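Just one chain is shown here, as structure tokens, and it is the form deposited without this ligand.
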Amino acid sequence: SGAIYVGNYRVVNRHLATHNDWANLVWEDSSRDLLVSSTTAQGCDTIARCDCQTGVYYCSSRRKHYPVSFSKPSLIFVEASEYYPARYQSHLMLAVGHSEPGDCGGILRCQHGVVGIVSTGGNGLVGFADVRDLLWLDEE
């Protein structure tokens, strides 16, 4: 589990979204496994605006933050998981590392802020849903 709290937005994995998230929906995209809902309180996370390929992610299933290199956000074929069939997922970045279903929502961060959240796992790889192209999270 986990979210990003920027401005009056909450960013979560679409497959973990709550009733309250859908009842306060701003934007969602199945293909990216992302959903954004509106918040009453201001959040304090900063979204990275960069093309970094190194950062640190939180892995709840190891209680550890791991430094990783990660790929450019792309359309990647993902194996079936407990929450999606095998499919193409867009705006996904891979690293070599551990990720199980409960790790979804863990933050990937670089020197510029939050890059994205854990979304995929298995096969010795971790996949992150990028948020750096969602420039509207910085305003409004």
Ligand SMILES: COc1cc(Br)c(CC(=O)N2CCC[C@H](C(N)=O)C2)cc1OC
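Whichever C-alpha set is largest while still superposing within 1.5 Å between the two forms counts as the rigid core. In case it trips you up, residue 1 is the first one in the sequence shown, and so on.
There is also a form deposited with this ligand bound; it is not shown, and the following applies to it.
Undergrad: Open or blocked? Place this ligand on this chain by superposing the surrounding C-alphas onto its site in the bound PDB entry, and call it blocked when 3 or more ligand atoms come within 2.4 Å of backbone or C-beta atoms.
TA: Judged by the transferred pose of this ligand in the bound PDB entry, this form is blocked (3 or more ligand atoms within 2.4 Å of backbone or C-beta).
Undergrad: Can any non-hydrogen atom of residue 87 be found within 4.5 angstroms of this ligand in the bound PDB entry?
TA: Contact with this ligand, yes.
Undergrad: Using heavy atoms and a 4.5 Å limit, would one call residue 43 a contact residue for this ligand in the bound PDB entry?
TA: Flag for residue 43 set to no.
Undergrad: Which residues, if any, of 109 to 128 lie within 4.5 Å of this ligand in the bound PDB entry when only heavy atoms count?
TA: Counting only heavy atoms within 4.5 Å of this ligand in the bound PDB entry, the contacting residues of 109 to 128 are 119, 120, 121, 122, 123.
Undergrad: Can you tell me which of these residues, 81, 60, 39, 90, is the one whose C-alpha shifts by at least 2 angstroms between this form and the one not shown after a rigid core fit?
TA: Comparing both forms, the shifted residue turns out to be 81.
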